[PDB]
Each structure stands twice: as C-alpha cells, then as structure tokens.
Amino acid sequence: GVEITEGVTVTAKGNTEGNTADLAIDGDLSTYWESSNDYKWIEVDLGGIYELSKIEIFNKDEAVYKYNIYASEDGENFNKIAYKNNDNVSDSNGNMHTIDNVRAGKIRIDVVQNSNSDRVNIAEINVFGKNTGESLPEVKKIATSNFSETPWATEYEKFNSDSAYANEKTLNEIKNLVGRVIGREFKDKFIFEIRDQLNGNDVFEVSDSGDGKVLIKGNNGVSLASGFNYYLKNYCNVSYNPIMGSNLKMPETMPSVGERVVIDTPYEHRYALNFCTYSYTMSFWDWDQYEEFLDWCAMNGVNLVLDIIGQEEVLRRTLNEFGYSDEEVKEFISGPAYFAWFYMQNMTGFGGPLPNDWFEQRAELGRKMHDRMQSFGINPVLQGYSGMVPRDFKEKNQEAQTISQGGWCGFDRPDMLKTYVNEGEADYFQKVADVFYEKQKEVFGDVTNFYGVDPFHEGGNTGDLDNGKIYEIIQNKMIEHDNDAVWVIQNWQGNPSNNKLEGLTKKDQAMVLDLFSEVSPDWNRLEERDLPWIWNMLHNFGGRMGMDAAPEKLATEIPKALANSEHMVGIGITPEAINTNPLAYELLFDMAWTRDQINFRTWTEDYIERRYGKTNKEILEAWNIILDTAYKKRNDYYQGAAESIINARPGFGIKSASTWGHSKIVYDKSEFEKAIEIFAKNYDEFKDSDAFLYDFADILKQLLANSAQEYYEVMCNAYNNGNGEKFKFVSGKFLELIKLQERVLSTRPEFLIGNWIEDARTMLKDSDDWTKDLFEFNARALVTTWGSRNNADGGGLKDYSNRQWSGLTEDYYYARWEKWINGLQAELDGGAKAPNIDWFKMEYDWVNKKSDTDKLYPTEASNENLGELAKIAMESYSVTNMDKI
C-alpha cells in the first residue's frame, strides 16, 4: 500500500496543445492531460509489476466524471479492476478506489464522461501497491501466416487442379448444406449431379430418381443449392431464411416431383452485399452465422458476394512497407463496427484500436469463407486499390504526393495518393498499389478475378487530376496484377460521373453496380457506354425497420430491363443491412430465374403459404392489404422504410428520425390496421409458425409506429394551444403506447439489443475486458449516435441506424420522449420555459455504459401473446378508434 513514486511513465494517443499525457503524473494538481479526440484513455506504466491496493484520480475542475480502470500483468490482457459511474462531482480531495491486491505492470484509465465538456482530463493519478520484484514480459509482435504455408492453400489448389476431387467436394458440401438446412435425416433423400451449363447459362434440374429420392442437377454448387431450394418451395411448402424466419417442417414422406423440371438463368452474376452490410448487420458475426448466410445465398442463386473479411491484415502488411508500425496501423483502421466507411475511404480510427489478435483471426475467417465459396462456385469480390493512405503518409514518405480528401460527416477522410505525377516526381500510387495487390495475394491467394474499390465515394477531392485519367490508371494497375481482373464499381447518386467512367479503357473488365435500381435506377448511362452493369435492389438503409418493399417493381422492371439492354450482366441486392422485409429479398433473387414479368400478387400468395406452412382466405386477405398499403408501388424518392416517430429526437415538427430519412406514411393507416386485426383473429391457428410470429410482430409494431405519429401530432397541438390538461392526457397515452411497443418488440430474438451487444462482446475468444468494453462501445454507438458529437450532430449521423428494438426502446427512445414531455408539462403547468436539451450528451451516456457493470440486456425473448397485444393496440392505441380514445 505504498505510493509508487518512481519509475512511472504514461502514454496517450491524443491531447490538446500543452496538455500532454505526462502532465497526468507530474505530481502537480494544476497541470492536466486533456483529450483531443475519441481516444479518451491514458496508459500508465508502473516501472514493474505491483500488487495494487489503491488508485487515486484527480480531475482539473468540479465536473462529474465517469471512467473505467483496467490493469495488465502480462502486457497484453487489460482487465477491468475499478470504475466510477456515479454522479458525484469531482472535488479537491480526488477519488480514491480500493483495489483487491491485483497484480499490474500497466494501467489504462478510460474517461468516458465529462459532464462539462466533450473533452476529458486527468489532473493527477496516484497508484499505491507493493512491488513484486517482477517485470512485464515482452509482448510478441503480431505474427500472421502466409496463405501458401497453410492447409488452405493445399486444399484450394487441389480443388483447382483435380476435377474429380473438386466435384466430390462440391457434391459432399451440398449434401452437408441439406443437413444444416432441414436436418441430417434428409441428406440421403437427395442425389446430386453436376451437369453442364444450358447454352452458356447456369441451370438446375429437379426430378424423381425412381426409388423415392429427389435427383437434382446443376452446373455448380450454387445451381445445385438453387435446385434443392426449388424443390423445397414448390413441392414441400418449405421456406428457408436463417435471418428473417423459416418454415422447415418437412412432410412425413418425400413428395414426388412428377414431370422433370429444367430451369436456367440468363444472368451471369447474382450479387449480394453493400459495404454497409458488413457494419450494420455483420459486424459481430461468427462463422456459424456466415455459414448460414452462404447456405442461404447459394440456395437463392447468389454467385457474387462482396468480401472484406480480414482486409485489415492485408492493409497492415501494406502499410508496414511504408514506415507504419503495427500500432500506427491500428490507429488508422477503424473499430469492428465501422469497416464499411473505413474501406469506402470515409473515416479512420473511430471505434479502435483493434486488438492484436484480430488480424490472424480475421485472415483465418476469410480463408474459411473462400474455401466454402470455392466449393459452391461463389465469386468473392476482394479489394482494389485507388490510393487511400493515412493523412501522415507524406511525413513518413517525403517524396509521396497526396490529395487531402476533406471531411465526411465530421470525420477526417483519409488522404488519396495522386493517381499520377509529373516526370521527375516519385509515383507512390504505383509503389503502394503494387505492394497492396501483392500483400492481398499473400494473405488469401488467388481466389477471384473481381475487385471492388470506390474513390470519391460520397465526397473527396480530385485535386488537379483529370477524372477519366484517374480511372484509366486505377483499372490498368488492377489488370497489371490480374490480367482477368474485373473492377466492380458502385454507382451511387450519379457518381462516378460519365467523364470518370469514360476513362475506363477496358469496358469488359469493369462492372458497375446500379445501387438503387428499385427506387432511383441509373443504368441507362452505363448501358449507353457499353459498361457491364448489375440491377440491384437496395431497399434497406441503416438497418432502419418498418414495412416497406417494392414487389411489383421487382416482378416487372427487372425482366423489362433485361429485354431493353445488352450489357445487363446480372441482378443483386445492395442493402445497408439484412434485417427487414424478407419478401423483398426472396422475390428479387427469384427474378433471376425468369425472362418474363410475373404477377407479384400471385407470387406473394404462394410465398406466404410456404413461409407459414399453411394459409387460408383471411391470411391471404391480410397480405393483399399489405400489398395494397405498405408494399404498394410508389414513384417518389425515399431512402428506406418510413421511420418511427418513437425513434426520433423529440422536438417540434419532426418529419424523420435520421437526416436523410422520412416519416411520411404514404398509405391509409386505418386500412393497414385491418391486416393486424386479421392476424390477431388467426393468431391461435398460425402461432405454431415462427415466421408468422415474425411477420405479426413486424406489422403490429408498424401499427403502433403509425399511431404514435398521430398521437404526437395531437400532443403537439395541445402544447401550441396551451392546453396543459390535454397535453398531459395525450402525452400519457403516447408514453403508454411506447411501453406497449417495447412489449411487442420483446417477443422476437431478432429485436433484442442484448443479442447485438453480446455478439460484440463475445465475437473473439480469450479477449480481455478492455476489448469487450470497446466492442460494446462499437455496438451501442452505431445504432444511436453513430459517432461522437461532431459526427452525430454537425455530421448529421444522429440515429441514422435507429432500430425498433427491445431494450433500446425502453432505455433510450422512451427516456428521450419522457424527458421532453416532462419539460413541456412543467412549462404548461405555470413553470419556467422548457430548457434546451443537449440530446447527444444524454444519448452518449447510454452509449458508454458497459454490460458487466451497468445493466445486462437479455438474450432471451419474452412469452407475450402477440394476438393479445394486438387486441390492446387496436382497442387503446389505434388510429381507427382514436376519437373514442
């Protein structure tokens, strides 16, 4: 218990001018370290291993500070040993924390809240303990394997060079898929065969074997899985969706096929995934979830998938060759929930640093994916390189020429190397691009010909450079390292411009994803320039939820585009998240297997029967109401489902929760409520279908979101009219409506914030408390404030990824509205004017709470009766009966 007064040093990753880290341990209460960015922690080295008894912390003023304290005795694992989360003000006496004789050579103090400022500080920190005489071990540097040295390389080349081995692998893997999807007991009821393409097109066949088994042919694994899916949907009344609800009840005996079926697709590619999907949905996926997704992809005909798994190791090896240590690379790379905007060159650093063990684990996961994709015949889209470098690249490489890219939503964009330079100047685009493509091959090997990169995504700066020449040189460099390369390019709000695209000198080795074809198609300019392009349904923005789909456009515009074009080489999905409206994604991929328009109404009728395992006239009537309301074709511009007012920052005249969203309901709300009445009437009969319960919760929460918007307008009028008694009553029903909404959301495991957070905290094995807390920060921030203040507010990202989720609704959305309502009520009751609320401060307080110290959110759904909840909603919180209420 003696104060450690010699040999103590400290580091920090950021500080305001003159308030450096060493000022936290200089014995002077008048000097302080102060943070300058989102790295709000300091790391103290004790000059040896001590058994700590006390830690004492002083701040620079008398604000309320909250912080978490971590310790490490091996140099790698920092585990939580103390914290302050109460609302006590700091004072001249400091805060003393008792430590239970914990061994520690290093200490981390993370100050997550300063009630007075966005920036945090530590005036002094004193550590008390007993010297053990020991010193920390030297921590091993990051060590990763080359692909060619792993068993993955042996297996990948064996598949490549041995057709008999490759066919045995594929056919066995499709059999394993069957066991995973419907059960191992059904594996031996199928016989799978590889056949040739049908006149250059992927094709599958389904027929009777002759002895009661199902014979399925296909030119590759995807076609085989698609034929297996076709048999389930059309003969077993079965529907598979591992993310959004399934019906896997198989008949007691295998239904006979009857007449043989041969079905092909005219599309070379069926594409899946936005960069954003890797953040809003897949951030914390394990291999079990990736395997499910690839099974579902193959069954839906998907053969081209964006793949950024383990790209952090590729970039580490690359930047290591240009003066960057591993620690500097970790500061450049974002956290695990922000890779989408890191690789689209929009932001750096935030959410990190990643743990040291991240790099090898993710490279291994990526190799695991490529093995499975090779078995199925799914092409991954790896990374191209367009010149992205950190902002200090010139400091370490003096001859390099770079272009400042400015800001994106308050984040500092990375720099961009000049794609070409004058003669006499060093060309670091050529240097770094050569290293990048070579390092990518070292990590994963030759797994694809498709590479994605998107300079100037949603901003940037072309500097003095010529637009077309930029894309000419980027493509040529890509082809230099892979002669068969195809540059996969996003087409998003008119970018890249025609002048940029016309710089592509090899049109057949570029492929443009028309990102938003079902709302704002933009492929005519691509078709006119003879550029291969893909028709994509985006549908989902930020994971924001609500009933929303364009089935009629999918059933008609896709074959119409094929008939009116020559360079349409596929269809696909580009959702920012895969969590809502499974009908839309089922119908899209189904449109790959036809050249004619289909009837979206009769398609929906067949879809709901296999999704629920049964149907009747009333259930069909309810879904026709959905088709006539929430799923009805529209011709305006909109990003995602209409947002729930419950999820918006409280205020006057709200028209959306997110900056680029919308809350206008374009259908009649009371008409849509009829669908809920029908579902409730049929609840007892259909409650054995999990997909029915999924859909029931989906439309019931849409009902309460729609009615909450009306109740919000009424209490807004009551305030403007000075009617305090009416405001108290209407706002009381509004808050009660939200309480009912939280109960509805609690019935679905998909809607639990606890599952999102726990996945983040457990996505790596043998991680320390520090990494778990940081990953939880990633998970909490992304669905609320997104970034910190300058990103949420000035940057416009506040509640961009708002979710109608259990736990989050009770503790975040409800709390905001309750606070706002209480303020307005006090004013109407003859009090002082309602104060301004710093919403970000309140929101960031929830963001920084930890599951092991504050509140652990459940991972188990409730048993609430959706039919009974629907009755309450219709009787007490509905639009139809609103005047009686």
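All residue numbers are counted from 1 along the displayed sequence.
Stretches 137-145 and 612-620 differ in mean CA B factor, with 137-145 having the higher one. Stretches compared: 253-261, 458-466. Higher mean C-alpha B-factor in the entry: 253-261. Looking only at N647, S279, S90, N274, the residue with the top Cα B factor in the deposited structure is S90. Among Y385, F751, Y235, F204, the highest C-alpha B-factor in the deposited entry belongs to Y235. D162: CA B factor in the highest third of modelled residues in this chain (values from the PDB entry). Sorting the modelled residues of the chain by their CA temperature factor places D484 in the middle third. Sort the modelled residues of the chain by CA B factor and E43 lands in the middle third. In the PDB entry, a CA B factor belonging to the middle third of its chain's modelled residues is recorded for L554. Per the PDB record, residue ranking by Cα B-factor puts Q311 in the lowest third of the chain.
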